[PDB]
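File shown: protein.tsv (TSV, C-alpha atoms and all ligand atoms).
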chain	number	residue	atom	x	y	z
A	1	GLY	CA	-29.23	-9.25	5.86
A	2	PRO	CA	-30.72	-10.25	9.25
A	3	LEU	CA	-30.74	-8.34	12.56
A	4	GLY	CA	-28.87	-8.17	15.86
A	5	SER	CA	-25.65	-9.92	14.87
A	6	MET	CA	-23.52	-6.84	15.70
A	7	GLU	CA	-25.09	-6.73	19.18
A	8	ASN	CA	-21.91	-8.27	20.53
A	9	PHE	CA	-19.83	-5.18	19.66
A	10	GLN	CA	-19.80	-1.82	21.40
A	11	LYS	CA	-18.62	1.01	19.19
A	12	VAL	CA	-15.85	2.91	21.01
A	13	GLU	CA	-15.16	5.60	18.40
A	14	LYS	CA	-15.33	6.36	14.71
A	15	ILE	CA	-11.78	6.09	13.38
A	16	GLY	CA	-12.60	7.51	9.96
A	17	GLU	CA	-14.61	7.17	6.78
A	18	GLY	CA	-13.69	7.28	3.11
A	19	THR	CA	-14.04	5.41	-0.16
A	20	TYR	CA	-13.44	2.16	1.74
A	21	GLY	CA	-16.44	2.68	4.04
A	22	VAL	CA	-16.48	3.48	7.73
A	23	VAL	CA	-13.95	2.22	10.27
A	24	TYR	CA	-14.64	2.02	14.00
A	25	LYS	CA	-12.79	0.97	17.09
A	26	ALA	CA	-15.08	-1.40	19.02
A	27	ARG	CA	-14.96	-3.80	21.96
A	28	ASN	CA	-16.45	-7.29	21.87
A	29	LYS	CA	-18.99	-7.07	24.71
A	30	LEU	CA	-18.52	-10.75	25.63
A	31	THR	CA	-14.83	-11.48	24.97
A	32	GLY	CA	-13.50	-8.02	25.83
A	33	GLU	CA	-11.32	-7.96	22.71
A	34	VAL	CA	-10.68	-4.56	21.16
A	35	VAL	CA	-11.00	-4.64	17.36
A	36	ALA	CA	-11.36	-2.49	14.28
A	37	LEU	CA	-14.74	-2.68	12.52
A	38	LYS	CA	-15.02	-1.85	8.84
A	39	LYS	CA	-18.57	-1.02	7.73
A	40	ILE	CA	-19.66	-1.32	4.10
A	49	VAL	CA	-23.96	-8.67	-0.77
A	50	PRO	CA	-22.31	-10.26	-3.81
A	51	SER	CA	-21.10	-13.83	-3.76
A	52	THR	CA	-18.23	-12.91	-6.08
A	53	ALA	CA	-17.02	-10.82	-3.13
A	54	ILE	CA	-18.21	-13.08	-0.31
A	55	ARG	CA	-15.89	-15.86	-1.47
A	56	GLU	CA	-13.09	-13.38	-2.20
A	57	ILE	CA	-13.14	-12.07	1.37
A	58	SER	CA	-13.47	-15.61	2.69
A	59	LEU	CA	-10.20	-16.39	0.95
A	60	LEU	CA	-8.65	-13.43	2.76
A	61	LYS	CA	-9.82	-14.92	6.08
A	62	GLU	CA	-7.36	-17.75	5.42
A	63	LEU	CA	-4.56	-15.42	4.29
A	64	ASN	CA	-2.82	-15.09	7.65
A	65	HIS	CA	0.68	-13.66	8.05
A	66	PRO	CA	2.34	-11.58	10.78
A	67	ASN	CA	2.55	-8.64	8.36
A	68	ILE	CA	-1.13	-8.77	7.33
A	69	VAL	CA	-3.79	-7.29	9.61
A	70	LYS	CA	-5.73	-10.36	10.70
A	71	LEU	CA	-9.30	-10.57	9.44
A	72	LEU	CA	-11.12	-11.92	12.51
A	73	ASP	CA	-14.73	-12.19	11.27
A	74	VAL	CA	-17.19	-11.21	8.53
A	75	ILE	CA	-20.72	-10.29	9.60
A	76	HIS	CA	-23.65	-9.53	7.30
A	77	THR	CA	-26.62	-7.93	9.06
A	79	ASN	CA	-27.98	-3.68	4.53
A	80	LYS	CA	-24.44	-3.77	5.85
A	81	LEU	CA	-21.29	-5.89	5.74
A	82	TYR	CA	-18.93	-5.61	8.71
A	83	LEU	CA	-15.36	-6.91	8.64
A	84	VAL	CA	-13.71	-7.38	12.03
A	85	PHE	CA	-9.94	-6.84	12.10
A	86	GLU	CA	-7.18	-7.06	14.67
A	87	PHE	CA	-6.75	-3.55	16.06
A	88	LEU	CA	-3.54	-1.54	15.68
A	89	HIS	CA	-2.85	1.79	17.30
A	90	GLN	CA	-1.25	3.90	14.54
A	91	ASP	CA	-0.84	4.10	10.80
A	92	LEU	CA	2.24	4.98	8.80
A	93	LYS	CA	0.88	8.30	7.55
A	94	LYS	CA	0.40	9.70	11.05
A	95	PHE	CA	3.78	8.30	12.10
A	96	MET	CA	5.40	9.92	9.05
A	97	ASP	CA	3.85	13.27	9.93
A	98	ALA	CA	4.93	12.92	13.58
A	99	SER	CA	8.45	12.06	12.35
A	100	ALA	CA	8.67	14.87	9.80
A	101	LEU	CA	11.04	17.15	11.74
A	102	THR	CA	13.76	14.52	12.10
A	103	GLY	CA	12.68	11.82	9.63
A	104	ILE	CA	12.15	8.15	10.35
A	105	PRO	CA	15.61	6.71	11.11
A	106	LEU	CA	16.87	4.62	8.20
A	107	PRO	CA	17.10	1.34	10.20
A	108	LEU	CA	13.36	1.71	10.96
A	109	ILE	CA	12.57	2.56	7.32
A	110	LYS	CA	14.51	-0.51	6.25
A	111	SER	CA	12.76	-2.74	8.80
A	112	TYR	CA	9.34	-1.52	7.71
A	113	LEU	CA	10.18	-1.98	4.03
A	114	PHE	CA	11.54	-5.48	4.74
A	115	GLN	CA	8.41	-6.47	6.64
A	116	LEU	CA	5.99	-5.19	3.99
A	117	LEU	CA	7.94	-7.05	1.31
A	118	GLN	CA	7.58	-10.20	3.45
A	119	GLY	CA	3.81	-9.72	3.68
A	120	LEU	CA	3.57	-8.99	-0.05
A	121	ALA	CA	5.76	-11.96	-0.93
A	122	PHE	CA	3.23	-14.07	0.98
A	123	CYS	CA	0.13	-12.50	-0.60
A	124	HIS	CA	1.65	-12.69	-4.07
A	125	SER	CA	2.65	-16.35	-3.72
A	126	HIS	CA	-1.10	-16.98	-3.40
A	127	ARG	CA	-1.78	-14.73	-6.38
A	128	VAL	CA	-3.54	-12.20	-4.12
A	129	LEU	CA	-3.02	-8.52	-4.94
A	130	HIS	CA	-3.46	-5.62	-2.56
A	131	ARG	CA	-4.01	-3.05	-5.34
A	132	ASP	CA	-4.19	0.05	-3.16
A	133	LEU	CA	-1.18	0.34	-0.85
A	134	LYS	CA	-0.77	3.75	0.76
A	135	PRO	CA	0.66	5.00	4.05
A	136	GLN	CA	-2.86	5.24	5.51
A	137	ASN	CA	-3.45	1.49	5.32
A	138	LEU	CA	-0.03	0.41	6.66
A	139	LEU	CA	-0.62	-0.12	10.40
A	140	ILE	CA	2.08	-0.18	13.10
A	141	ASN	CA	2.36	-1.26	16.78
A	142	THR	CA	4.68	-0.51	19.67
A	143	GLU	CA	6.83	-3.52	18.97
A	144	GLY	CA	8.20	-2.47	15.59
A	145	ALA	CA	5.77	-4.45	13.41
A	146	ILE	CA	4.04	-3.06	10.33
A	147	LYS	CA	1.07	-4.71	8.64
A	148	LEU	CA	-0.89	-4.52	5.39
A	149	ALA	CA	-4.54	-3.46	5.85
A	150	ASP	CA	-7.62	-2.98	3.65
A	151	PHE	CA	-6.83	-5.19	0.72
A	152	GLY	CA	-8.52	-4.04	-2.45
A	153	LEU	CA	-10.98	-6.36	-4.17
A	154	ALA	CA	-11.06	-7.19	-7.87
A	155	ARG	CA	-14.57	-5.64	-8.14
A	156	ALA	CA	-15.44	-3.82	-4.88
A	167	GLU	CA	-12.81	11.58	-0.01
A	168	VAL	CA	-11.20	11.53	-3.45
A	169	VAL	CA	-9.13	8.38	-4.08
A	170	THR	CA	-5.45	9.23	-4.22
A	171	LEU	CA	-3.50	8.26	-7.30
A	172	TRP	CA	-0.11	8.95	-5.73
A	173	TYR	CA	0.81	5.27	-5.43
A	174	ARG	CA	-0.83	3.99	-8.61
A	175	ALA	CA	1.37	2.05	-10.99
A	176	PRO	CA	1.76	3.30	-14.57
A	177	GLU	CA	0.21	0.22	-16.22
A	178	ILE	CA	-2.99	0.92	-14.26
A	179	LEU	CA	-2.98	4.54	-15.39
A	180	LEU	CA	-2.38	3.42	-18.99
A	181	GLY	CA	-5.46	1.18	-18.96
A	182	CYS	CA	-4.20	-2.32	-18.14
A	183	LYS	CA	-7.29	-4.39	-17.31
A	184	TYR	CA	-5.51	-7.53	-16.06
A	185	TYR	CA	-2.66	-6.16	-14.03
A	186	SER	CA	-0.23	-8.08	-11.83
A	187	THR	CA	1.34	-8.17	-8.38
A	188	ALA	CA	3.93	-5.73	-9.75
A	189	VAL	CA	1.39	-2.94	-9.07
A	190	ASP	CA	1.96	-3.47	-5.31
A	191	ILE	CA	5.75	-3.31	-5.78
A	192	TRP	CA	5.33	0.08	-7.45
A	193	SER	CA	3.10	1.44	-4.68
A	194	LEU	CA	5.58	0.28	-2.02
A	195	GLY	CA	8.54	1.84	-3.85
A	196	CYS	CA	6.61	5.10	-3.86
A	197	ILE	CA	6.04	4.76	-0.09
A	198	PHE	CA	9.74	3.86	0.43
A	199	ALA	CA	10.81	7.07	-1.33
A	200	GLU	CA	8.32	9.08	0.76
A	201	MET	CA	9.67	7.67	4.07
A	202	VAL	CA	13.22	8.62	3.06
A	203	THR	CA	12.54	12.12	1.72
A	204	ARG	CA	9.48	13.17	3.81
A	205	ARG	CA	7.74	14.24	0.58
A	206	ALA	CA	5.36	12.27	-1.59
A	207	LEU	CA	7.15	11.03	-4.70
A	208	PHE	CA	4.34	11.49	-7.24
A	209	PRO	CA	1.50	13.53	-5.69
A	210	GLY	CA	-0.74	13.70	-8.74
A	211	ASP	CA	-4.18	15.23	-8.45
A	212	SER	CA	-5.57	13.82	-11.70
A	213	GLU	CA	-4.87	10.69	-13.70
A	214	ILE	CA	-2.91	12.65	-16.31
A	215	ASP	CA	-1.10	14.76	-13.71
A	216	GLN	CA	-0.16	11.46	-12.07
A	217	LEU	CA	1.13	9.91	-15.29
A	218	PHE	CA	3.00	13.06	-16.25
A	219	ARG	CA	4.61	13.45	-12.83
A	220	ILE	CA	5.88	9.89	-13.25
A	221	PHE	CA	7.07	10.66	-16.80
A	222	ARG	CA	8.91	13.83	-15.72
A	223	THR	CA	11.01	11.97	-13.12
A	224	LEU	CA	11.50	8.54	-14.73
A	225	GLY	CA	11.36	9.66	-18.40
A	226	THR	CA	8.53	9.19	-20.84
A	227	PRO	CA	8.40	5.41	-21.44
A	228	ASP	CA	8.94	3.98	-24.92
A	229	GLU	CA	9.33	0.54	-26.51
A	230	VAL	CA	13.01	0.40	-25.46
A	231	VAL	CA	12.36	0.41	-21.71
A	232	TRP	CA	8.78	-0.99	-21.85
A	233	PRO	CA	7.96	-3.30	-24.78
A	234	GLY	CA	4.28	-2.94	-25.54
A	235	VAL	CA	3.80	0.43	-23.82
A	236	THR	CA	2.76	2.14	-27.07
A	237	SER	CA	-0.08	-0.36	-27.59
A	238	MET	CA	-1.59	0.15	-24.14
A	239	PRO	CA	-5.27	1.21	-24.11
A	240	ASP	CA	-4.74	4.77	-22.81
A	241	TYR	CA	-1.29	5.42	-24.28
A	242	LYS	CA	-1.25	8.42	-26.64
A	243	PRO	CA	1.59	9.21	-29.10
A	244	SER	CA	1.00	12.88	-28.27
A	245	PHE	CA	2.37	12.27	-24.76
A	246	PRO	CA	5.23	14.77	-24.19
A	247	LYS	CA	8.66	13.14	-24.17
A	248	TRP	CA	10.56	14.02	-20.98
A	249	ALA	CA	14.08	12.86	-20.15
A	250	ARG	CA	14.72	10.71	-17.10
A	251	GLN	CA	16.24	12.31	-14.00
A	252	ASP	CA	19.04	10.70	-12.04
A	253	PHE	CA	17.90	8.94	-8.89
A	254	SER	CA	20.48	10.73	-6.74
A	255	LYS	CA	18.31	13.79	-7.37
A	256	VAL	CA	15.07	11.93	-6.62
A	257	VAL	CA	15.72	10.42	-3.18
A	258	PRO	CA	18.76	11.99	-1.49
A	259	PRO	CA	20.46	11.01	0.80
A	260	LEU	CA	19.44	7.36	0.39
A	261	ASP	CA	22.54	5.22	-0.06
A	262	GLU	CA	23.37	3.38	-3.27
A	263	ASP	CA	21.92	0.05	-2.10
A	264	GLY	CA	18.61	1.79	-1.35
A	265	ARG	CA	18.59	3.70	-4.64
A	266	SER	CA	19.34	0.47	-6.53
A	267	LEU	CA	16.46	-1.36	-4.89
A	268	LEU	CA	14.11	1.58	-5.43
A	269	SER	CA	15.09	1.81	-9.09
A	270	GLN	CA	14.12	-1.83	-9.51
A	271	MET	CA	10.80	-1.34	-7.70
A	272	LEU	CA	9.98	1.53	-10.08
A	273	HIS	CA	10.80	-0.11	-13.41
A	274	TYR	CA	8.15	0.81	-15.98
A	275	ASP	CA	7.84	-2.67	-17.43
A	276	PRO	CA	5.82	-4.90	-15.04
A	277	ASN	CA	7.89	-7.80	-16.36
A	278	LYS	CA	11.19	-6.13	-15.31
A	279	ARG	CA	9.94	-4.74	-11.97
A	280	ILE	CA	11.50	-6.61	-9.06
A	281	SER	CA	9.30	-9.14	-7.30
A	282	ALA	CA	8.73	-9.06	-3.54
A	283	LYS	CA	10.76	-12.24	-3.09
A	284	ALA	CA	13.69	-10.98	-5.16
A	285	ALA	CA	13.61	-7.67	-3.28
A	286	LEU	CA	14.00	-9.46	0.06
A	287	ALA	CA	17.38	-10.70	-1.23
A	288	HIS	CA	18.63	-7.28	-2.29
A	289	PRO	CA	21.89	-6.20	-0.59
A	290	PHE	CA	20.09	-3.15	0.88
A	291	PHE	CA	18.73	-5.58	3.51
A	292	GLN	CA	22.11	-7.12	4.38
A	293	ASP	CA	22.06	-5.24	7.72
A	294	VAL	CA	18.30	-5.10	8.33
A	295	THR	CA	17.17	-5.09	11.99
A	296	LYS	CA	13.86	-4.63	13.88
A	297	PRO	CA	14.03	-1.36	15.85
A	298	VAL	CA	11.36	-0.11	18.25
A	299	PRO	CA	9.46	2.96	17.02
A	300	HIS	CA	8.92	5.97	19.23
A	301	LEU	CA	5.10	5.82	19.36
A	302	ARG	CA	3.10	8.24	21.49
A	303	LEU	CA	-0.47	6.89	21.67
B	401	LIG	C1	-6.89	9.44	4.66
B	401	LIG	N1	-7.24	8.09	5.06
B	401	LIG	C2	-7.00	6.95	4.21
B	401	LIG	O1	-6.55	7.04	3.11
B	401	LIG	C3	-7.43	5.60	4.72
B	401	LIG	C4	-7.85	5.48	6.17
B	401	LIG	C5	-8.30	4.15	6.70
B	401	LIG	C6	-8.29	2.97	5.75
B	401	LIG	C7	-8.78	1.65	6.23
B	401	LIG	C8	-9.99	1.12	5.46
B	401	LIG	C9	-10.62	-0.21	5.83
B	401	LIG	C10	-10.02	-0.98	6.98
B	401	LIG	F1	-10.51	-2.18	7.37
B	401	LIG	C11	-8.83	-0.43	7.72
B	401	LIG	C12	-8.29	-1.23	8.87
B	401	LIG	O2	-8.14	-2.40	8.81
B	401	LIG	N2	-8.00	-0.47	10.05
B	401	LIG	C13	-7.50	-1.10	11.23
B	401	LIG	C14	-7.35	-2.42	11.49
B	401	LIG	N3	-6.85	-2.53	12.73
B	401	LIG	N4	-6.69	-1.25	13.24
B	401	LIG	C15	-7.10	-0.39	12.32
B	401	LIG	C16	-7.11	1.12	12.42
B	401	LIG	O3	-7.67	1.79	11.60
B	401	LIG	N5	-6.42	1.73	13.52
B	401	LIG	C17	-6.34	3.17	13.70
B	401	LIG	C18	-5.04	3.58	13.01
B	401	LIG	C19	-4.57	4.94	13.51
B	401	LIG	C20	-5.58	5.64	14.40
B	401	LIG	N6	-4.89	6.83	14.86
B	401	LIG	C21	-6.06	4.85	15.60
B	401	LIG	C22	-6.43	3.42	15.20
B	401	LIG	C23	-8.20	0.89	7.38
B	401	LIG	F2	-7.14	1.36	8.07
B	401	LIG	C24	-7.88	3.07	4.29
B	401	LIG	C25	-7.43	4.41	3.76

Go ahead and express the file in the form of structure tokens.
Amino acid sequence: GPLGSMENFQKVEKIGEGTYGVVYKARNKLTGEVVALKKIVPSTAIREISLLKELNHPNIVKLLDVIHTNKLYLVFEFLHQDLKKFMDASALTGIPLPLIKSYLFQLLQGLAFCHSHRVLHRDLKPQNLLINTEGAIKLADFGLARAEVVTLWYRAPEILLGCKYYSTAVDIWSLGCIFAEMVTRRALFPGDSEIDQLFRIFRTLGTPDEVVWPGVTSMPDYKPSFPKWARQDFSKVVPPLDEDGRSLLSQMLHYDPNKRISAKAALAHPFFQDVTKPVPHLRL
């Protein structure tokens, strides 16, 4: 790419770096706006990101600009905290349920929007769910169809079993995993290898078979030698979540992508009958 087109940005600080790339806080030297800068060119990707520029929703971190100068910079609306840090800060008391429920409701709204345009996130985790002082939560760093050890903790089972053409249901799984983690203050399935991840899922939800998941035994990475564990009861998995919450979570964690609840159906679940939008206690 050419030169000088990032001149208009002053790096304020490195936020972090990982498999995604590098993320900075920066100020536009001419408009004064404070933004997040992601540093990473294919055309398969250039038109994929351009689609995301048009994918605007109050629960999606706005993509402001895309700048190619051996580097691709994406410019994002800046947010002051992520859900992981807020979870850790909240660990002694827990996030109050009404806040958990608001955050879950909002992310399902954002996902419902993305999914209605057939856009998948693919890599939801607490670290890319961004929050502000007003009680909003937003989806960040959408994963591309092509594209510091990647975590598997939120990866859906069909991905782990070798599905090549997976669906929006993978985001519902990831979010159910995050929901459970907000409630219990412990990761649900903290696998440290692909098989440890699969087997942690199997040990809680039961080893899947053709009864609960038609087609599972023909999946590319399925092996008949998989151990057969019995399912645990949910009341043991996420206490003290109430029965509405457990019901919704059970549907977000169905093995069969065709049974897993959609984002739109989840919004209608009775768990949200009393949803509100509380203010978080954020110390910045
Ligand atoms: C262990 N780490 C991870 O797994 C992980 C870590 C970062 C990412 C990631 C990758 C590419 C991105 F474009 C974005 C992104 O869009 N970021 C933002 C957009 N607007 N504001 C921000 C922002 O980062 N704000 C900070 C949040 C809390 C800080 N305390 C202070 C400000 C992103 F967040 C993905 C995974």

Exercise for review: Would you be able to write out as a PyMOL selection string which residues have an atom within 12 Å of (-12.9, 3.4, 10.1) in the file's coordinates, counting only C-alpha atoms?
Suggested key: chain A and resi 11-26+35-40+82-85+87-88+136-137+149-150

Check your understanding: Just how far from atom CA of residue A:209 is atom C8 of ligand LIG 401 (chain B), in Å to one decimal?
Key -> 20.3 Å

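Residues in contact range of stretch 192-202 of chain A, defined as at most 8 Å between all atoms listed in the file, with sequence neighbours fewer than 3 positions away removed, read residues 96, 103, 104, 106, 109, 113, 132, 133, 134, 135, 172, 173, 174, 175, 188, 189, 205, 206, 207, 208, 257, 258, 259, 260, 268, 271 and 272 of chain A.
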
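Nearest residue to ligand LIG 401 (chain B), choosing from A:151, A:122, A:9, A:241 and counting all atoms listed in the file: A:151.
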
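Put simply, atom CA of residue A:277 is 25.3 Å away from atom CA of residue A:67.
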
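The coordinates place atom CA of residue A:186 at 24.1 Å from atom CA of residue A:222.
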
Please give the centre and size of the box around stretch 4-23 of chain A (axis-aligned, containing every atom listed in the file, 8 Å added per side), with values in Å to one decimal and written as lines of an AutoDock Vina configuration file.
center_x = -20.3
center_y = -1.2
center_z = 10.6
size_x = 33.1
size_y = 33.4
size_z = 37.6
